[PDB]
Every structure is written in C-alpha cells, then in structure tokens.
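Colleague: Structure below; questions to follow.
No lab work stands behind these numbers, since they all come straight from the coordinates. All Cβ positions, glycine included, derive from the backbone under ideal geometry; neighbour counts span all protein chains shown.
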Amino acid sequence: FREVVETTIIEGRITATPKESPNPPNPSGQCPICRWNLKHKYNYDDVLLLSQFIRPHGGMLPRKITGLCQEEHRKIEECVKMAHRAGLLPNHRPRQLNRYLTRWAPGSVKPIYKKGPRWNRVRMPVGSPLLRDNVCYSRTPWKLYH
Amino acid sequence: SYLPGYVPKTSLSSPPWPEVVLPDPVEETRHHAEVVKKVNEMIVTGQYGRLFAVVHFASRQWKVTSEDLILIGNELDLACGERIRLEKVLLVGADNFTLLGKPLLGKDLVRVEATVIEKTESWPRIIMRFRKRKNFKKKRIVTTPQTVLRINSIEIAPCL
Amino acid sequence: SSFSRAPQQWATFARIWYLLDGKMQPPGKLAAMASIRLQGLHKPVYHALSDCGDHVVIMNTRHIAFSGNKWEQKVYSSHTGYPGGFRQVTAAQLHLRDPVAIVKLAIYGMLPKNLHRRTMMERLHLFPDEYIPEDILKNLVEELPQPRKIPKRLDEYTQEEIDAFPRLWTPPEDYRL
Amino acid sequence: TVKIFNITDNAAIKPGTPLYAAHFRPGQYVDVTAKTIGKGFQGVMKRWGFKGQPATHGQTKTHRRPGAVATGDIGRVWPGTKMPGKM
Amino acid sequence: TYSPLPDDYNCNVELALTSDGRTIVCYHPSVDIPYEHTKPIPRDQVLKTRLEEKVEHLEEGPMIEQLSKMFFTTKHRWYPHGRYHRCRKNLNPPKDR
Amino acid sequence: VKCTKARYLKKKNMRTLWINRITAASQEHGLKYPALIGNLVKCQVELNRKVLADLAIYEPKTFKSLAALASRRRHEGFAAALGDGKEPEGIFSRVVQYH
Amino acid sequence: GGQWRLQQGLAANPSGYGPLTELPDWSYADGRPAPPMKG
Amino acid sequence: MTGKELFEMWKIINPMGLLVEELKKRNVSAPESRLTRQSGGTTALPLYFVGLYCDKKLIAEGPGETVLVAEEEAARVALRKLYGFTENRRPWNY
Amino acid sequence: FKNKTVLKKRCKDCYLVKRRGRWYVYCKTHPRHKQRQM
Ligand SMILES: [Mg+2]
Ligand SMILES: [Mg+2]
Ligand SMILES: [Mg+2]
Ligand SMILES: [Zn+2]
Ligand SMILES: [Zn+2]
C-alpha cells in the first residue's frame, strides 16, 4: 500500500501489499465475487470478506479500485453497515443495546406509536432488500419486515 | 489448486444441516441379515415376554396386549364366549425388539387371538336439532350395538 | 418398568427445571422455547388439564438482542386508567428500566390466554445477569441450546481460518488506504 | 409513633439513644409530615371546591351537588373522578 | 459409522429389512446409566433432647402467600370453595387401572 | 344441542391432542411432526395418530425406532433427490407392490 | 401422504382398495373363514 | 392375580434387607445405592432416580420424592427383577 | 426550511443530504432554498 507521514517534511512510501490467492475457481468472472463464486453466498456475518473490502477506519473502498460490480458493491455496503451496527468489527473503529441485521441508522428511526390495522400494519424492517436474493437453504423465504 | 466450483467458507456457502453419508447397500444388506438372524434366534429361544400388537379391526387400529378388553361399536355375527383370530396386525413388538409390517404383517408370523365375551348396547345417545325463530326442534334417541372382545393371546413364530 | 404405582405416577408427572441463556439471543425465540416448556407441550403426556408444566430459568436477560431497529421502533403500551394514563415506552426505555420486562412480556404474550397463564408465569424465573440463586442452581437440569449461533466478531478468528479464507482482490500498490 | 428516616451509613446512631430539639439549628429549612385534620365524609363543594349551583332562579333540589360526572359516550365513570368522600 | 439417531439416551436402535423386503425388524435394547455418570448418595448435656414441636399459626393471608411460594402457584388455588361445589364434587369417582 | 355438536368437536379435539403429543415426542427425538408422518407413509407404515400417540406415551423404544425409521427414510429421499440419476432405490425406500 | 400414494398407485386414502381395507378383519380360531363383510 | 403387583399381593418390610440376603446367597457383591437422576431438590416436589449397582454394573433403578423412598423403590424393582415377577414378564398361558 | 414532497435544487450551491432518515435541500448561499422532505 502507500503511507504518508509528517515530521515539516511529508513523505510517502510503498508498504507490502497482498495479492490474489493463486487459482480462482471461476477465472472467467469479472468482479472478484463472481470470480470466487460467492454471488449469493454471503451475509453480514462474513466479516472476513468485509474486512477484505473495507478501509482501516470503518469506511469503504471505491468500486474502481475494488473491482466490484455495482450490485455487489451495494450489497457489500449494506452488509458492512449491518456488521458495524452489530459490532462485528471492533478494530475498524472511527477517528449498550445489542443488535443484528440493523438496516437503518439506530438514531434516525422513530417509534411506531400507532400501528395500523392488520391490513395496513406498520412493519419493522429487518435485513436488506439487496440481500433478498441470497441462497435460502430453507423452504420459507426471508422475512424482510417484522 | 482449487477445484472448479470451490466456494470459500462463508455463512451461506454450505447448507446448515450436517452432511449425511449413507452406508453402502452391500454391507448394509449383510448387516440387515445379521440383525434379522439375531432377532429370529431371540424369537426361537424365547427371550421376550408380554408382547403387544397394533391391530386393524372394524375401521380402527387398536394397540392391544394379552388379557385386554376392547369395545367394538357394532354387532359381529358371533355368539358370546367365541374365540376368533384377529388377523390384520400392523405391528407386533416386545421389550428389545419390534416387528413392523408393510403395512400388514404376515399371517405365518403373528397371530392375535381374541374372544367375544359380551354383546350389548350403548347408553342412549341424544340427537337434538334446534333452530331459533323458525319453530325448528327435533329429538331422536339412538342406541348403537356394541361388542366386548377380550384379547387372549398374541403369538409370534420364527419366520424372519 | 416394574415401578410401584405411586413412584411411577410421580416419575411420569414430575416437574423439571430447565436452564436457558440470554446473551445475544432474540427475546421471541427465547419466549417460544420457554413457553413450550412452561405449558409442557414438549411432554407426550401433555394435556391442558394435567398440570404438566415445568420450570424455566432464563439468565442474561439484560444482554438480549433485537433484530433490525426494534430497540427504537417497538413500543410497549400500558394505561394507568386515570384520564391520561396512556403510556408508550420504546423497547430501549423499557429494557433500561426493567431488564427482565421484555422477555417477560414476550412469554406472557405467547402463553395461552387462560387462568393457567399466571401459574405458568409463577413457574417462570428470570434473572438479568450471570447470578442465579443457589436454590435454583441446585434445582436446574438441562441447559437448553441457544436459538442463535453468535455470529463471531472479526478479532477472535484465528490465524488458521484467516489465512484459509482466500484474498479476493489485488490492491494497487500506490493506493493510500 | 415510630417513623423511619433514610440515612447514609456515616450518620448511623446507636439504638436507644435520646434526641432533642438542638439537633437542628436556627436559620434552617425542614420538612414536616403529619396526618391532617380529618373532616369526614364531605361533598364536592368542600372536598374539591366545586362551584355548586345557584340558590334561587328556579333550581330544584340541587345547590351543592356535582353536575355531570362523565360524558355520555363512555358508559362509565373514569377512575379518579372527583366525588364526595372522606377528607 | 452411520446412525439415524444418537445411540446414547434410550436404546440402541438397529433397523433391518427381511430378505423378502416385506417386514421391518427393529432391535432396540435399552441403554443403562454408567457408574461414572452416576453420583453418590448424599449423606443438651443435662436435659433430654425434646421434640422441637412448634407450629406457628399464620393468618389466611400469610399462609396462602407461604403456600404459593412453596408450590409455585397463585393464591386462588388456596382460597376455599363453597358448599355448592363442595357437595357437587363426586366423592366415589370411577377408577380404571 | 350442545351434546350433539360436541360429538364432532370431540373427534376434532382428540385428533388435535394426538398431533400435539406426536409433535412432542418427535421433537424429543430431534424430528418434526411433518417429517415423521410423511416419511412413515413413505415407509408404508400405516399407524394412525391415535396409536402413534399411544406408542409415544407407553412404548418409548418402539417410538424411537419409528423416529429412526422416518429419519432414515428422509435421508434416503434427500440422497435420491441429490443423486437425480439411476442410483439404486435405497433399502427402506423400496415399495412393496400388490396386485 | 395422498400425493405419494397416488404416485405409487395405491389410491390416496389408505382406506381405498388396499389390502388393509379389503382383507377380512377376522376368522374363526380353528381356521374357518368368516362370512364376508357388509361394506 | 392377573393385574396386580408383587408388593401389593405379598407385603414386605425391608426390601433392601431381602435384596442383600438374596445377593449374598447368590454370591453377588452388595448393591451400592447411587443418585442416577435428580430434579428439584430444594423445592417441595423433588424427583430422585436412585440406582442399585453391583460390581459397577446397574441392576436396578427406582423413582421417588426422597432419596430414601427412591432407594427402597430401587430395592423393590431389584427384587422383582431377580424374583422374575416383572411387569413386562410373560403372561400366564390359559 | 420549507416542507416539500418533491425536492428541487434552486441554485448551483444547493445540495441534497439525507439526514435523520429524510432528504434535505441545504443552501449555504441562499438560505431561503432550505427544503425538507415530507
Ligand atoms: Mg353559590
Ligand atoms: Mg318540582
Ligand atoms: Mg331549594
Ligand atoms: Zn458481479
Ligand atoms: Zn440555493
């Protein structure tokens, strides 16, 4: 990678970089996810993959450098936000209520003071419509709204 | 060298249930032969006691053992104190083993013997119909015939 | 089984003390398995008139987890019946006041709406932390398995699985990161 | 009378000890709790200070009574409704 | 190496089919509890050791609260019942086995 | 009138109780009620819910063998579905034909 | 399992044209066949 | 005598004493009582399953509300087993 | 702010930001362009 220090002299150097694992199983893919056959087989739990795709301080890396396609990039964005909210990344921090699958920012949602009738019920969103299309491994689909 | 189709260990890569390998039919077949032989020699020597059976009779299935009573809801064209053979035995079992038919057990394998010991009537059942504001009201009293059978014996024979 | 009649009946209708953990578990799945055990629906000798419930002891109710945004969207409504008694508190506020109220309310909702419900509620025991009284701890049998699988934060992955997971993308060697 | 006072641990005094009026000091502020003068069963005009009904101008036997106690739509009376009782 | 169910809580189930395939044979001998899995059984100089026979009389309130705490029930089970139900209760009930 | 309609209600409630007790025993053996019932039918075992609940209460070893048989049939069905070809039918999935 | 029974050809209701419904329920203890059932 | 139990027909007093006498006369070591299973214990409705072992081999097990009645029931079950009158025994041939 | 169902950028200096779950038009140079999504 590349690092800059300030001492007033500012200087940048190249540090050691990682490389691919040598033989991808699908070399004809375009995005790294498509190459490594992970098109619908990841969730917000896969912090190994997300830590591969994030910045050291919790932010993300852009598409033109990650090589991801747009759909995969948006899915990784949402997975990373949910992992950050669930607390699965304790070392990628900036500068007690237990959660998981947190879609919205916890400080921006308002309480559902008035649920509607059962035909117009105000539901509580869980998960991601981007992650709607993952492999189910179950005979009932995901329940995106509780 | 990763094989074509290798998916890395993620939470949705593999199915959540454990992989089950079934034993191959050849040694499974000889193992079935050994188990059948062991149960058959247990039958021959007689290492069992107080057999029970699940028996299909009169559109029912009854779980009976020896010295039992059952109350069939119809007359059976049989005098009192008459010994008959219950024949449609779905299950016979004991401590340490159990035989299951598909769906009926062989008649050379298990024999259920019962005895008509009572032919009686049920208590009077009331059938009333009422519909309000329509003057609708009917009353009937029925009494179904009934037959008490005593299950005397359940015998199994070595035929496996 | 050759037991005498009174010990056989006592053994069949005996009462069991199950243990259940909180600690990142959803209150409703905890409530579902707790309510099954409280009604006694797990027994093959179940009948609604046979008083066949069991004791359920749930610990770590202070460390339950809600999926989604239920901590801020879920509202518990009560009414002190004077004019103006309508109170609505979010799940966060209710948890911060009473650390057992959320699991208690979920179990109370999922029990059958009978006169047996409060008897099941007396047999339910809830503790917010690791601490359980000694009498309960000498009564417990069968810590039941937890419904969720604790999705394993990044730092306690060992180096073996970290370098077993492949690197997906090649970084340019000039990028700041 | 025995009355219970909440104290911290540093203000514990041995049981059986005498206490006098010099425990306080002049120029201080205190709180005094007691059972008030009981007045028995009283109506709304003394218990809650309702305005009552006018004396003359046609009124039949209603001068000191509560009027409505609720509305028509509720088929009941709300808890805490001010009604005559013990003062 | 395959077992359809775990073989360490009730019985060692071995399933089999006869040679004609017409009947299924189950062999289920009971499992015993191991010795190492059991637990051992738990274990005035001048006057007579008299009987400590004290029975405090509780009122209805504290007594029902004590019984409720003892048996993990509510109070309504311990509150009494009237003569109508008391005489309605069948005192020679039918009894099977 | 309540007696006459309670005949139908009695039959329905008895079947509901049997399903409850079979579900209890099946989940005690790690299985589910639909899995147990469907795979016993696939094994050609025609015990109804009444005698299945009786076997649950009074013959736990026989019920454990039945649950093992249903689990074995379910694993045979999964193996056949995964294989999708002309692998042998499986020992317990063989159907006894009648003519 | 009505669909499974239809796939195997064994009706759909287990009380339909099978041996479990058409074979006689009982016989005399000596071995004499019973009279035929009314259904 | 069809539907009754041995210690309902023949009344005994010390099943543990009868059991140890029988084991001494059939040269089996003395039965050790152990707490096989236990539920409750500090409550008013406990369950104790006490098992009788011989040479680290289980010969009987019995339930009760107290350890003492559980071990006497285990003694009765052992006596029934080694007296042949068990509940699952072969029924009488009439 | 003014409440709008549809938000429009009335300047080159207006900017759309999504804050507390709702969209906003903020303008540092023409503060009358402040808009809040309903
Ligand atoms: Mg006036
Ligand atoms: Mg007048
Ligand atoms: Mg006047
Ligand atoms: Zn892609
Ligand atoms: Zn502007």
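Colleague: Within the set of pairs 6+ apart or on separate chains, which have a first residue in the stretch E:10-37 that is small (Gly, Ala, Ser), a second that is surrounded by 14 or more Cβ atoms within 10 Å (Cβ to Cβ), and C-beta atoms under 6 Å apart?
Modeller: These pairs meet every condition: E:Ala16/B:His32; E:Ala16/B:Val35; E:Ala16/B:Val36; E:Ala16/E:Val25; E:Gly21/F:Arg94; E:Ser30/E:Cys11.
Colleague: Same structure, new question: Residue check: is A:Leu88 part of a loop (DSSP other than H, G, I, E, B), touching a helix residue (DSSP H, G or I) at 6+ places or on another chain (Cβ under 9 Å) and within 7 Å of another protein chain (Cβ to nearest Cβ)?
Modeller: For A:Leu88, the condition - part of a loop (DSSP other than H, G, I, E, B), touching a helix residue (DSSP H, G or I) at 6+ places or on another chain (Cβ under 9 Å) and within 7 Å of another protein chain (Cβ to nearest Cβ) - is met.
Colleague: Could you please let me know if C:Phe86 is aromatic (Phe, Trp, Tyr) and within 14 Å of chain A (Cβ to nearest Cβ)? Break it down stepwise before answering.
Modeller: Numbers: aromatic (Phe, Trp, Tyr): yes; within 14 Å of chain A (Cβ to nearest Cβ): yes.
Considered against the rule, which asks whether it is aromatic (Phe, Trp, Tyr) and within 14 Å of chain A (Cβ to nearest Cβ), C:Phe86 comes out as yes.
Colleague: Scan the helices (runs of 4 or more DSSP H) fully inside the stretch F:1-64 and keep the ones with 2 or more residues being away from chain G (no Cβ under 14 Å) and either in contact with a helix residue (DSSP H, G or I) (Cβ under 8 Å, 6 or more places away or on another chain) or acidic (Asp, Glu) (or both).
Modeller: Details: elements: F:2-28, F:33-42, F:49-58.
Because the criterion is at least 2 residues that are away from chain G (no Cβ under 14 Å) and either in contact with a helix residue (DSSP H, G or I) (Cβ under 8 Å, 6 or more places away or on another chain) or acidic (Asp, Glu) (or both), the helices (runs of 4 or more DSSP H) in the stretch F:1-64 that meet it are F:2-28, F:49-58.
Colleague: Another question about this same structure. If you take the residues of the stretch A:14-35 that are at the interface with chain C (Cβ under 8 Å from one of its Cβ atoms) and either touching an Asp or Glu at 6+ places or on another chain (Cβ under 7 Å) or among the small types (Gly, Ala, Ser) (or both), which of them is surrounded by the fewest Cβ atoms within 10 Å (Cβ to Cβ)?
Modeller: Step by step, filter the stretch A:14-35, then rank; the result is A:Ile14.
Colleague: Starting from residues that are part of a strand (DSSP E or B) and of a type in the set (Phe, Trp, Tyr), keep the ones in the stretch C:62-105 and report whichever is surrounded by the fewest Cβ atoms within 10 Å (Cβ to Cβ).
Modeller: C:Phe86
Colleague: Name the residue, out of C:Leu168, C:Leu154, that is of a type in the set (A, V, I, L, M), over 13 Å from C:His55 (Cβ atoms) and touching a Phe, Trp or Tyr at 6+ places or on another chain (Cβ under 6 Å). First the steps, then the outcome.
Modeller: On the way: C:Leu154 fails: touching a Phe, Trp or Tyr at 6+ places or on another chain (Cβ under 6 Å).
So the residue among C:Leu168, C:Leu154 that is of a type in the set (A, V, I, L, M), over 13 Å from C:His55 (Cβ atoms) and touching a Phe, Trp or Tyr at 6+ places or on another chain (Cβ under 6 Å) is C:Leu168.
Colleague: Let me ask you something else. In this structure, is C:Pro172 within 14 Å of chain A (Cβ to nearest Cβ), surrounded by fewer than 17 Cβ atoms within 10 Å (Cβ to Cβ) and out of contact with any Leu (no Cβ under 9 Å at 6 or more places or on another chain)? Steps first, answer last, please.
Modeller: Details: within 14 Å of chain A (Cβ to nearest Cβ): yes; surrounded by fewer than 17 Cβ atoms within 10 Å (Cβ to Cβ): yes; out of contact with any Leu (no Cβ under 9 Å at 6 or more places or on another chain): yes.
So C:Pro172 passes the test.
Colleague: Looking at (1) over 30 Å from A:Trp142 (Cα atoms); (2) within 14 Å of ligand 4 (Cβ to nearest atom), which is the only condition A:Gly67 fails?
Modeller: (1) is the only condition that A:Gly67 fails.
Colleague: Could you list, in sequence order, the residues of the stretch D:44-65 that are closer than 26 Å to C:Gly85 by Cα, within 14 Å of ligand 1 (Cβ to nearest atom) and either within 14 Å of chain C (Cβ to nearest Cβ) or part of a loop (DSSP other than H, G, I, E, B) (or both)?
Modeller: D:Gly49, D:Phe50 - these are the residues of the stretch D:44-65 that are closer than 26 Å to C:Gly85 by Cα, within 14 Å of ligand 1 (Cβ to nearest atom) and either within 14 Å of chain C (Cβ to nearest Cβ) or part of a loop (DSSP other than H, G, I, E, B) (or both).
Colleague: Let me ask another. Need the failing condition index for A:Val47 against (1) more than 16 Å from ligand 4 (Cβ to nearest atom); (2) crowded, with 21+ Cβ neighbours inside 10 Å; (3) within 27 Å of A:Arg123 (Cβ to Cβ), just the number.
Modeller: (3)
Colleague: Take the conditions in a helix (DSSP H, G or I), β-branched (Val, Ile, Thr) and at the interface with another protein chain (Cβ under 9 Å from one of its Cβ atoms) and apply them to B:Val44. Does it pass?
Modeller: Spelling it out, it is not the case that B:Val44 is in a helix (DSSP H, G or I), β-branched (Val, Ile, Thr) and at the interface with another protein chain (Cβ under 9 Å from one of its Cβ atoms).
Colleague: While we're here: Being over 26 Å from the mean Cα position of the chain (by Cα) and either surrounded by 10 or more Cβ atoms within 10 Å (Cβ to Cβ) or of a type in the set (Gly, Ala, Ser) (or both) is true for just one of D:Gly85, D:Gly72, D:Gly40. Which residue is that?
Modeller: When all the criteria are applied, what remains is D:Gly72.
Colleague: Could you look through the stretch A:29-50, keep only residues that are in contact with a helix residue (DSSP H, G or I) (Cβ under 8 Å, 6 or more places away or on another chain) and more than 15 Å from B:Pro8 (Cα to Cα), and pick out the one that is farthest from ligand 3 (Cβ to nearest atom)?
Modeller: A:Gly29
Colleague: Right, something else. Between B:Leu100, B:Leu104, B:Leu71, B:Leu90, which is over 10 Å from the mean Cα position of the chain (by Cα) and of a type in the set (A, V, I, L, M, F, W, C)?
Modeller: B:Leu71
Colleague: Among the residues of the stretch C:148-161, what is the count of those that are more than 7 Å from chain A (Cβ to nearest Cβ) and either more than 16 Å from B:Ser11 (Cβ to Cβ) or touching a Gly at 6+ places or on another chain (Cβ under 6 Å) (or both)?
Modeller: Of the residues in the stretch C:148-161, 3 are more than 7 Å from chain A (Cβ to nearest Cβ) and either more than 16 Å from B:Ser11 (Cβ to Cβ) or touching a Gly at 6+ places or on another chain (Cβ under 6 Å) (or both).
Colleague: Now for a separate question. Quick check: anything in the stretch D:68-75 within 16 Å of ligand 1 (Cβ to nearest atom) and not small (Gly, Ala, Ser)?
Modeller: no
Colleague: Just checking, how many residues over the stretch E:5-27 are surrounded by 15 or more Cβ atoms within 10 Å (Cβ to Cβ), within 9 Å of chain B (Cβ to nearest Cβ) and over 26 Å from the mean Cα position of the chain (by Cα)?
Modeller: 11
Colleague: Now a separate question. Residue by residue through the stretch C:22-35, note down the ones that are assigned to a helix (DSSP H, G or I) and among the small types (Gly, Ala, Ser).
Modeller: The first filter runs over the stretch C:22-35 and keeps only residues assigned to a helix (DSSP H, G or I), leaving C:27-35.
Across the stretch C:22-35, the qualifying residues are C:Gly28, C:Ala31, C:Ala32, C:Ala34, C:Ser35.
Colleague: Part of a loop (DSSP other than H, G, I, E, B) and within 16 Å of ligand 1 (Cβ to nearest atom), is that true of D:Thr33?
Modeller: Working: part of a loop (DSSP other than H, G, I, E, B): yes; within 16 Å of ligand 1 (Cβ to nearest atom): no.
So D:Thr33 fails the test.
Colleague: Okay, moving on. Only one of A:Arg121, A:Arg132, A:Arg103 is closer than 29 Å to A:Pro56 by Cα and part of a loop (DSSP other than H, G, I, E, B); which?
Modeller: A:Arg103
Colleague: Answer yes if at least one residue in the stretch B:43-51 is surrounded by 18 or more Cβ atoms within 10 Å (Cβ to Cβ), aromatic (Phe, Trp, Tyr) and under 26 Å from H:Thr2 (Cβ atoms), and no otherwise. Walk me through how you get there before you give the answer.
Modeller: Taking the stretch B:43-51 as the starting set, the residues that turn out to be surrounded by 18 or more Cβ atoms within 10 Å (Cβ to Cβ) are B:43, B:51.
Then keep just the ones that are aromatic (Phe, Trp, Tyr); that gives none.
Within the stretch B:43-51, not a single residue is surrounded by 18 or more Cβ atoms within 10 Å (Cβ to Cβ), aromatic (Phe, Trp, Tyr) and under 26 Å from H:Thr2 (Cβ atoms).
Colleague: Could you check the stretch C:36-61 and list, in sequence order, the residues that are within 14 Å of chain F (Cβ to nearest Cβ), closer than 21 Å to C:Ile132 by Cβ and either among the small types (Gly, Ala, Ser) or assigned to a strand (DSSP E or B) (or both)?
Modeller: C:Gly53
Colleague: Restricted to the stretch I:8-35, and to residues that are more than 14 Å from chain A (Cβ to nearest Cβ) and exposed (fewer than 12 other Cβ atoms within 10 Å of the Cβ), which residue is farthest from ligand 1 (Cβ to nearest atom)?
Modeller: I:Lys12
Colleague: Same structure, new question: Could you pull out every one of the strands (runs of 3 or more DSSP E) wholly within the stretch B:52-95 that has 1 or more residues that are away from chain G (no Cβ under 14 Å) and out of contact with any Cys (no Cβ under 7 Å at 6 or more places or on another chain)?
Modeller: On the way: elements: B:52-57, B:60-65, B:68-72, B:82-86, B:89-94.
Output list reads B:52-57, B:60-65, B:68-72, B:89-94.
Colleague: A:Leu48 - would you say it is in a helix (DSSP H, G or I), in contact with an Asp or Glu (Cβ under 9 Å, 6 or more places away or on another chain) and more than 12 Å from chain C (Cβ to nearest Cβ)?
Modeller: Spelling it out, it is not the case that A:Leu48 is in a helix (DSSP H, G or I), in contact with an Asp or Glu (Cβ under 9 Å, 6 or more places away or on another chain) and more than 12 Å from chain C (Cβ to nearest Cβ).
Colleague: In the list A:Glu11, A:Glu72, which residue meets the criterion of being more than 16 Å from ligand 3 (Cβ to nearest atom) and surrounded by fewer than 17 Cβ atoms within 10 Å (Cβ to Cβ)?
Modeller: Selected residue: A:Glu11, the only one of A:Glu11, A:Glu72 that is more than 16 Å from ligand 3 (Cβ to nearest atom) and surrounded by fewer than 17 Cβ atoms within 10 Å (Cβ to Cβ).
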